[PDB]
Amino acid sequence: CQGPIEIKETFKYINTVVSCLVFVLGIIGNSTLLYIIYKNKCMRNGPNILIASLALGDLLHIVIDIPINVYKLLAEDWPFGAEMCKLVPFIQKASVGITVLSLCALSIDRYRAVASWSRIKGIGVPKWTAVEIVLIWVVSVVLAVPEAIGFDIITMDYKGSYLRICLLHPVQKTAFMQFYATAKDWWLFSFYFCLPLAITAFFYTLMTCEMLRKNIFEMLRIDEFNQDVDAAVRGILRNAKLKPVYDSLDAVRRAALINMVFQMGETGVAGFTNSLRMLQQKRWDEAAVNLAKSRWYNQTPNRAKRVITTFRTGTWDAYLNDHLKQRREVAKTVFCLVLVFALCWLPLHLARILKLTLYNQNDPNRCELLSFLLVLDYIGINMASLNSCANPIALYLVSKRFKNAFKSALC
Ligand SMILES: COc1ccccc1Oc1c(NS(=O)(=O)c2ccc(C(C)(C)C)cc2)nc(-c2ncccn2)nc1OCCO
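Next up, the structure:
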């Protein structure tokens, strides 16, 4: 049909608006972030230098994506020359590669060592951050060479005036590129989206599950033996009155229950049948006022208030220390950065795998199908561009340390 033409022409209004917003917000946000990391000495040494690298991949994504490619939506003929069309997707593919790979090395270095007092997990090597930044950019350049080598320009003579263009050549010289030509939509999706997100989520989960276990060791060392904490869990499951309420509680409340078990034993905790039933029914304020009425509070008021506060609040506010602040800070920064990425490259990566799997020219239901696919793909482009500019903002909102470091540059 001739319907989706109006969609493309109308969307030209959206892309020019987004790209210009993305450009201004992108250059300012990453520059601020970049100046912040190098002004601070602890972050210059700390693994947050990887975030300074990510700010470079984002900032470089901005200055290749917005200037060159937005120029090609306005100008119908490709006007930069032959070398440039090998260079631009090279630059853009390597740039995205930097952003994903900076995320991965960040979470791996965070799991290797949570903070300065931590012990590196395996194969400690001095000044790893410098070594890791070098490896990230090289691999990002490598993954983008297939774009650069195969990108030549083709001349077409259109229905109106003639116009030359540039895309990835279908006719290719090496069997290397002939393979890459067809399987690029997967390569772009199976790598840039899957491997970075699979690797980063895996270490983030390993790290957060380790943080929790150490916070339990931390809270028990505060109120008063790693095998003792696991034997308590093993013994809680064996006790019949504690297993059901235990399985219902979340890891935070399970810890306070574990804390209660370390004082009185299983037999002693099993007596709060009124309070245990209230915890199962999620009536937190009730049991908190009800646990205050216990003799347990009178024997040790200070410690009980914290355990009661932990049951009431569900967060370690009563157990806040140096570690628990740091563990929460790192985990929130890593989590927020991956979530920003995933939500911005899913719409685009999902556009591609949906177009390759089920698309055929024979049917006439295309113009309802095609209209749906081109629209969602154009948004995915604006999503991916938004990621390049929404990373520096994301750190301010969910990182107390970054929100203050920006405020230090403010004043
Ligand atoms: C990270 O790599 C990608 C993985 C999956 C999808 C896209 C990817 O990178 C891309 C991507 N890769 S691509 O399809 O192979 C490509 C590269 C280069 C060109 C030019 C303009 C001819 C030089 C066309 C198409 N193309 C575009 C995109 N932009 C404008 C319009 C048409 N296409 N946006 C992406 O995302 C970033 C958004 O600013």
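Residues 90 to 303, 1002 to 1011, 1024 to 1118, 311 to 402 (the entry's author numbering) are what the sequence shown spells out, left to right. All residues carry an ideal CB built from backbone N, CA and C; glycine is no exception.
Q) Which ranges does the alpha helix (DSSP H) cover as unbroken runs of at least 4 residues, wholly within the segment 1049-1078, from first to last along the chain? A) Within the segment 1049-1078, the complete alpha helix (DSSP H) segments of 4 residues or longer fall at 1050-1068, listed in chain order.
**Q.** Residue range of the beta strand (DSSP E) that includes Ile242
**A.** Per DSSP, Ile242 belongs to the beta strand (DSSP E) from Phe240 to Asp246.
Q | Residue of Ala400, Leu341 and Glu359 minimising C-alpha distance to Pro93 | A | Cα-wise, what sits closest to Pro93 is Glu359.
Q. Just to confirm, are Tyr200 and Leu295 a CB contact at a threshold of 8 Å?
A. It is a contact, given that the beta carbons lie within the stated cut-off.
**Q.** Where the beta strand (DSSP E) through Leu252 begins and ends
**A.** Following the DSSP letters along the chain, one finds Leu252 inside the beta strand (DSSP E) bounded by residues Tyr251 to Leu257.
Q.
Assuming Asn356 is part of the alpha helix (DSSP H), what are its boundary residues?
A. The continuous stretches of alpha helix (DSSP H) do not include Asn356, and DSSP gives it neither H nor E.
Q) Considering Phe112, what are the terminal residues of the alpha helix (DSSP H) in which it resides? A) Where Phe112 is concerned, the enclosing alpha helix (DSSP H) stretches over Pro93 to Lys128.
Q: Reducing DSSP to helix, strand and coil, say where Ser390 ends up.
A: Looking at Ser390 - three-state DSSP - the assignment turns out to be coil, as it is neither helix nor strand.
(Q) Does the contact criterion of 3 or more C-beta pairs under 8 Å hold for the segment 332-344 versus the segment 358-374? (A) Enough Cβ pairs lie closer than 8 Å, so yes.
Q: Taking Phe100 as the reference, give the member of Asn158, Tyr127, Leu162 and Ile140 with the closest Cα.
A: Ranked by how close their Cα comes to the Cα of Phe100, the residues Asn158, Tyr127, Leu162 and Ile140 have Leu162 in first place.
Q. Does the Cβ of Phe278 lie closer than 7 Å to at least one heavy atom of ligand 1?
A. Short note on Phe278: C-beta closer than 7 Å to some heavy atom of ligand 1.
Q: Can you say whether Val220 is buried or exposed, counting buried as having 16 or more other CB atoms within 10 angstroms of its CB?
A: With a threshold of 16 other beta carbon atoms within 10 Å, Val220 falls short and is exposed.
**Q.** Close Cβ partners of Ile225 (< 7 Å) along its chain, the five nearest in sequence each way excluded
**A.** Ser142, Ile187, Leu190, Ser191 and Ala194, listed in sequence order.
Q: Check the C-beta distance from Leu122 over to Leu386 and give it rounded, since I have them as a contact under 8 Å.
A: Between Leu386 and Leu122 the Cβ distance is about 7 Å, and since that is below 8 Å, they are a contact.
Q. At what residues does the alpha helix (DSSP H) containing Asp1029 begin and finish?
A. Under the DSSP assignment, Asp1029 falls in the alpha helix (DSSP H) whose first and last residues are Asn1025 to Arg1037.
**Q.** Contact test: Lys101 Cβ vs ligand 1 heavy atom, cutoff 7 Å
**A.** No, Cβ of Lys101 sits at least 7 Å from all heavy atoms of ligand 1.
Q: Using 10 angstroms around the beta-carbon of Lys210, count the other beta-carbons present and answer buried if the total reaches 16, otherwise exposed.
A: Residue environment analysis places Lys210 among the exposed positions, since fewer than 16 neighbouring C-beta atoms fall within 10 angstroms of its C-beta.
Q: Inspect the beta-carbon positions of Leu139 and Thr218 and report whether they are closer than 8 Å.
A: The answer is yes: Cβ separation under 8 Å.
Q. Pairing CB atoms from the segment 1032-1040 with CB atoms from the segment 1050-1066, are three or more of them under 8 Å?
A. Output reads yes: the segment 1050-1066 touches the segment 1032-1040.
Q: Compare the C-alpha of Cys283 against each of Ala164, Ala333, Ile242 and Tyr350 and name the closest.
A: Distances from the alpha-carbon of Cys283 to those of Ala164, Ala333, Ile242 and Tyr350 put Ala333 closest.
Q: May I have the straight-line CA-CA distance separating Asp246 from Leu252, to the nearest angstrom?
A: Roughly 6 Å separates the two Cα atoms.
Q: With DSSP collapsed to three states, give me the class of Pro285.
A: DSSP places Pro285 in helix when its eight states are reduced to three.
Q: Go ahead and pull the three-state DSSP assignment for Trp275.
A: The three-state secondary structure of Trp275, taken from DSSP, is helix.
Q. Do you know how far the Cα of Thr244 is from the Cα of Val159?
A. A straight line joining the alpha-carbon of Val159 with that of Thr244 spans about 20 Å.
Q: Could you round the C-beta distance between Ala237 and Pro178 to whole angstroms and report it? I think they count as a contact, below 8 Å.
A: The Cβ separation is near 7 Å, so the contact holds.
(Q) Under 7 Å: does the beta carbon of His340 sit that close to some heavy atom of ligand 1? (A) Distances from the CB of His340 to the heavy atoms of ligand 1 include at least one below 7 Å.
Q. Under the three-state reduction of DSSP, which class applies to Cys90: helix, strand or coil?
A. Secondary structure of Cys90 (DSSP, three-state): coil.
(Q) DSSP three-state label for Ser205, please. (A) Note: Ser205 maps to coil in three-state DSSP.
Q. What did DSSP end up calling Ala1091 once you bin it into helix, strand or coil?
A. Correct three-state label for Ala1091: helix.
Q | Host alpha helix (DSSP H) of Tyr350 (start-end) | A | Where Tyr350 is concerned, there is no enclosing alpha helix (DSSP H), given that its DSSP letter is neither H nor E.
(Q) Tell me the residue span of the alpha helix (DSSP H) that contains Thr1108. (A) Start and end: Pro1100 to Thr1112.
Q: Quick one: grab the DSSP three-state call for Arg1082.
A: In the three-state DSSP reduction, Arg1082 falls in the coil class, being neither helix nor strand.
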